[PDB]
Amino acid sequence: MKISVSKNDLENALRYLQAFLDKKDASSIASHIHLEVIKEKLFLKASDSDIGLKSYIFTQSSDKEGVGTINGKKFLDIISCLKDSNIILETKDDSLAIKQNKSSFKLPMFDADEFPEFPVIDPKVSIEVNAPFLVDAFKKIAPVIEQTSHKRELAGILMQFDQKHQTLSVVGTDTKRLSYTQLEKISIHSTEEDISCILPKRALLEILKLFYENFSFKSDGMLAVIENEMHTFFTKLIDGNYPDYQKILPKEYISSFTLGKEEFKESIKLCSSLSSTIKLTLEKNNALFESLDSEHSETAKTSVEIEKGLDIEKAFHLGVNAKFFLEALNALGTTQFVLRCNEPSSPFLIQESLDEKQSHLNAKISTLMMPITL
């Protein structure tokens, strides 16, 4: 191999690749990036059986095509310390040479034959995503998902494709709370009418660093592959059946209150200084907040005026987990939110104001939560 590349292009590519290396044992090929020069591109890839990323940068020049490998962490450590001028990469036996003017380095290469095959799939389902709605859904739902969940299928995010109705549902839950969204008017190409993909949390978080809009998503029911012009990402899927979240959603709600998002965030954080649970009291023109599981002798109270009177003929009391409530509000894009309730011992829902209104660019996430008793 012998090429020259842009320092900043290379550094950026290496930064993305770090998350796909097992970096602690540098003597293992799992700590290495596979390199391949083909025509005017340098491809860099880091993968294992479970997950992987393949990227390219254009070469500034190319004298010799071929393949090699290099420790990804050391490679980035070197590049990040170099000048903003072009870098020469040239193989020399079992070794990769890096040169930039007066600076030169050598790093040992491993046998590229040991490097894992980067998978290709025969997709059963595919979508083209030309707006931020999918990663918006992912980012909004991620906090509810236990990565190290001890239950397999809940350790990931559900993507449920309905080809007939052209809707993709995105769901996360940790059994105390459940966040979901339904994305309509999605052009879904699928061999089956319905197909469900469960992406592991790690994959979710990596996707958020790599992608935003204008990418494809494809799956063969075993792997999911996401591609744009620069990147091809894959992840193994979680096998099994995600619980049907629809069966747990209440059919109707006795009461629905339209409330101020930022005032509630501010009030909940305030009581959270002394407790993890909060007693919320709703009156016609007031919202009261009191610390609930605070130590004896420690109390926090606050209230907020509600100018547009709630349909309440007598105080409604609701015990809530402060962190969950806050996270549900963080997932909302509107200045107001709707709190839908039945009995105080029953699950309640938090969602955007005008959730029913059609949106193009964004996902609207709703969160269903179990209350605290008393």
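Residue numbers run from 1 along the displayed sequence.
Note on 66-74 vs 312-320: mean CA B-factor is higher in 312-320.
Higher mean CA temperature factor, per the PDB entry, when comparing 223-231 with 243-251: 243-251. The entry assigns its greatest Cα B factor, within the set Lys92, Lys279, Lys301, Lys140, to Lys92. Among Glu206, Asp194, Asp136, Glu266, the highest C-alpha B-factor in the deposited entry belongs to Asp194. Ranked by Cα temperature factor within the chain, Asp22 sits in the middle third according to the deposited record.
Ranked by C-alpha B-factor against the other modelled residues of its chain, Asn362 falls in the highest third. In the PDB entry, a CA B factor belonging to the middle third of its chain's modelled residues is recorded for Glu213. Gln336: CA B factor lies in the lowest third for its chain, per the PDB record. In the deposited entry, the Cα temperature factor of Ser104 sits in the middle third of values across the chain's modelled residues.
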